[PDB]
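S.K.: Sequence first, structure after, both from an experimental entry:
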Protein chains: 2
Amino acid sequence: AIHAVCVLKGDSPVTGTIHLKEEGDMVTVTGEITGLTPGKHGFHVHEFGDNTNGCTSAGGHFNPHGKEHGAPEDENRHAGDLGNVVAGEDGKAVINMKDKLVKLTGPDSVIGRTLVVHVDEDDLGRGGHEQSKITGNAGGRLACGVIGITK
Amino acid sequence: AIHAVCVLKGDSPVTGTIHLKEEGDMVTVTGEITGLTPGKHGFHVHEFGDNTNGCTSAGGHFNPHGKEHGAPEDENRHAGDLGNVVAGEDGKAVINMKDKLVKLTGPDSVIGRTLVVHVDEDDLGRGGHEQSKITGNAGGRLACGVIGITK
Ligand SMILES: [Cu+]
Ligand SMILES: [Cu+]
Ligand SMILES: [Zn+2]
Ligand SMILES: [Zn+2]
């Protein structure tokens, strides 16, 4: 099974470590993000593992299939669309999801790409804003990291 | 041609950005590293893109072929063995090399792995120390980054 990891940092107090592994036919994503305002924050794979300009140089959502932005359960979603993480009142969000479009091998591998956690909630394409079908209108980028191979 | 990038940071003042691209049958590695003591500093691809424990969690040199540590021109070298960068008197080293064992695709891809710049010179396996044929006796890790996909 391939294993990957991602250490998130950015222009905010938000930190955390995300683990990714192949498990059966999906990828299991786990970890904790801290320093968040309570509530939902968008969380996606972005196309580029490029930290030359903070989290901005990560580019847009990873979208090898040319779909609109959606919810993780949708067919019409970016490969990178992992929805929201939910921070508790203490500012900490925990992840434990299984995804069928995130890959750690093959043409749609996310190795060397970026995870981003956002300022605002991801509206899952349904918020009625110009950015809804692009980004989920999730606003700016609190923290990000390049997805790397681990043991 | 695949393009990658790596932003180096660590427990030191050393920073820099490294670009990697496929060019003909090799990979071209370019960039500048700053904040170094003048002279030679070891520079390698390490196996893991894992920043959970600073540069230590990058593991050892990337060595998919089970070779000893050597010089870049050698057959008996780790795939990750890029020799030394040379910092000038102003503490800045510039890279411009072409390598045949670094890959950005296939089984030996370095996407999602780490570049490390070291405290000491890499002795290229020839220094006569116990670590020479392991690490080049290059000492600790000044800065590192995960190798990511870019445009
Ligand atoms: Cu995002
Ligand atoms: Cu090294
Ligand atoms: Zn999206
Ligand atoms: Zn080596």
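M.R.: Structure's in. What do you need? Numbers count the residues shown, from 1 in each chain, chains lettered A, B, ... in the order given. Ligands and ions are numbered 1, 2, ... in the order given.

S.K.: tell me which element the residue sitting nearest the centre point of chain A falls in.
M.R.: Taking CA atoms, centre = their mean, the centroid of chain A lies closest to residue A:44, which sits 2.1 Å from it. Under the criterion of DSSP states H and E, residue A:44 resides in strand A:39-46.

S.K.: ok, then the element right after that strand?
M.R.: Heading C-terminal from strand A:39-46, the first helix or strand you meet, by DSSP H and E, is strand A:52-55.

S.K.: That following strand near ligand 1 anywhere?
M.R.: No - judged by CB under 5 Å from the ion, strand A:52-55 stays clear of ligand 1, getting no closer than 8.7 Å. Just so you know, the C-beta spots here come from the backbone N, C-alpha and C atoms, and that holds for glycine as well.

S.K.: counting contacts, what elements does that strand pack onto?
M.R.: Packed against strand A:52-55 by the contact rule (3 or more CB pairs under 8 Å, 6 or more residues apart in numbering or on different chains; DSSP states H and E) you find strand A:141-146.

S.K.: Return the set of buried residues in the strand holding residue A:44.
M.R.: With burial defined by 16 or more other CB atoms under 10 Å in any protein chain shown, the residues of strand A:39-46 counted as buried are A:40-46.

S.K.: can you check stretch A:44-59 too?
M.R.: Within stretch A:44-59, the residues that count as buried by 16+ other CB under 10 Å are A:44-51, A:55-59.

S.K.: Make JSON lines out of those and add distance to ligand 4.
M.R.: Conversion of the buried residues of stretch A:44-59 to JSON lines gives the following (distance: CB to the ion, whole Å):
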{"residue": "A:44", "distance to ligand 4": "36"}
{"residue": "A:45", "distance to ligand 4": "31"}
{"residue": "A:46", "distance to ligand 4": "32"}
{"residue": "A:47", "distance to ligand 4": "31"}
{"residue": "A:48", "distance to ligand 4": "28"}
{"residue": "A:49", "distance to ligand 4": "23"}
{"residue": "A:50", "distance to ligand 4": "26"}
{"residue": "A:51", "distance to ligand 4": "25"}
{"residue": "A:55", "distance to ligand 4": "32"}
{"residue": "A:56", "distance to ligand 4": "34"}
{"residue": "A:57", "distance to ligand 4": "30"}
{"residue": "A:58", "distance to ligand 4": "30"}
{"residue": "A:59", "distance to ligand 4": "32"}
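
S.K.: Neighbours of the closest residue to residue A:107 other than its chain neighbours, how many?
M.R.: For residue A:107, ignoring the flanking residues on the chain, the nearest one in space by CB to CB, 6 or more residues apart in numbering or on different chains is residue A:64 at 6.9 Å. In terms of burial, residue A:64 registers 14 neighbours under the definition other CB atoms under 10 Å in any protein chain shown.

S.K.: got a list of what residue A:64 touches?
M.R.: Residues touching residue A:64, when contacts are defined by CB atoms under 8 Å, 6 or more residues apart in numbering or on different chains, comprise A:79, A:107-108.

S.K.: Dihedrals phi and psi, it?
M.R.: With angles defined as degrees, to the nearest 10, residue A:64 shows backbone torsions of phi -60, psi -20.

S.K.: Can you tell me how far it is from residue B:55?
M.R.: Counting by CB to CB, to the nearest Å, the gap from residue A:64 to residue B:55 is 31 Å.

S.K.: residues from chain A in reach of ligand 1?
M.R.: Of all the residues in chain A, those in contact range of ligand 1 (CB under 5 Å from the ion) are A:44, A:116.

S.K.: ok, 8 Å please
M.R.: By the rule CB under 8 Å from the ion, the part of chain A lying against ligand 1 is A:42-46, A:58, A:61, A:80, A:116-118, A:122, A:135-136, A:138, A:141.

S.K.: From residue A:48, how far off is the residue of chain A found nearest ligand 2?
M.R.: Across chain A, the shortest distance to ligand 2 (CB to the ion) belongs to residue A:148, at 15.4 Å. Spatial separation of residue A:148 from residue A:48 under the definition CB to CB is 14 Å.

S.K.: Residue A:18 now?
M.R.: Distance check for residue A:18 against residue A:48: by CB to CB, it reads 17 Å.

S.K.: Then residue A:2?
M.R.: Here residue A:2 is placed at a distance of 20 Å from residue A:48 (CB to CB).
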